[PDB]
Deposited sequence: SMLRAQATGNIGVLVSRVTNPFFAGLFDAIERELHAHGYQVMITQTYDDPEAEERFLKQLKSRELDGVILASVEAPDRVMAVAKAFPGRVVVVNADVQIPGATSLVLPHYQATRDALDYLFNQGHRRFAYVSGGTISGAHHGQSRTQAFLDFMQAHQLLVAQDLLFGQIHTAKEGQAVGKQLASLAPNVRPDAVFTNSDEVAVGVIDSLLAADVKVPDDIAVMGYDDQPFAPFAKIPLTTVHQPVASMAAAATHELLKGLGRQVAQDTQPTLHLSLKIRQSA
């Protein structure tokens, strides 16, 4: 039982740090040494990480972020059983790939908000908005015949500091053009957004409701405890770990599969 690599976009994202930790503690118990690499979504960093498998510095890898699916596919084909992909919004041929239902969770979270009476929506993403979650948002807006306001779309927003800038801009707006609710796609971003709203005496949720994503460790402890979409970190980590161990010939196949569920966690911020 040798070395395993885990690839994530950003280690300072507490969702990725938690996911790594859960994988690592279980693999460590099986005798493996586990190391994490971060990409900041650079495909060259992903390529370089994959060379560690190709050169057999690593016995296996678990990817939680994927930049170039076809490159991952080629490595998985050369190294069957040794590449697992988890919660990356993609199925990679040759690699056991676990996809969670982010489209459904996003539609459900948006339905929730609409049901609280919210009609003007800001949407924040880590990607450039021009993507299961973004399609869920667009589908949602179409279904309720709500006009998408481009002024309330925010792309490439990943951190709490970036969320602070978004919140400061939203707090600046006249009450009649201010969104009713903000879909942040990140508990980090949500904490920042909310902090800026409160600094400007914008009430949360009564003036602007803010929906998080992930249910990160800080979420229940936030100044306005976060309403958010809970990612089942422990369960997905266990599933990914088992798929890799099975592929490495360490573990037997099991009958009982997890169904990995995202769930809406209602607290105070929305």
Quiz item: Which runs of the deposited chain sequence never show up in the coordinates?
Solution: 1-7, 138-142
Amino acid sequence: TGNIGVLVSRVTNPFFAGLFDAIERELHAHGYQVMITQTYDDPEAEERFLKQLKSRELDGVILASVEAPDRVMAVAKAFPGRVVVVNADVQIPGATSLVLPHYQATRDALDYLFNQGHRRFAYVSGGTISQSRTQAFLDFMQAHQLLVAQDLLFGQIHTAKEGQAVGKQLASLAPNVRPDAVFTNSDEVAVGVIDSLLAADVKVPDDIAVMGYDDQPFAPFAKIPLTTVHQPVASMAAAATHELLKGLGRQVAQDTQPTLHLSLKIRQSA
From here on, numbers count along this sequence of modelled residues.
Quiz prompt | Cross-entry absence of residue 12, a third or more of other PDB entries | solution = no
Practice problem: Check whether residue 249 has no coordinates in at least a third of the other compared PDB entries of this protein, counting only entries that model residues on both sides of it. | Solution: no
Quiz item: When the C-alpha temperature factors are averaged for each of 199-207 and 229-237, which stretch ends up with the higher value in the entry?
Solution: 199-207
Self-check item: 145-153 versus 103-111 - greater average Cα B-factor per the deposited record
Solution: 145-153
Quiz item: From 85, 193, 181, 129, which pick has the Cα B-factor that tops the rest in the entry?
Solution: 129
Quiz item: Relative to the other modelled residues in the chain, which third contains the C-alpha temperature factor of residue 251: lowest, middle or highest?
Solution: middle
Quiz prompt | B-factor third for the C-alpha atom of residue 214 within its chain | solution = lowest
Quiz prompt | Ranked C-alpha temperature factor of residue 95 among modelled chain residues, by third | solution = highest
Quiz item: Among the chain's modelled residues, which third holds the C-alpha B-factor of residue 53?
Solution: middle
Self-check item: residue 260 CA temperature factor, ranked by third within the chain
Solution: highest
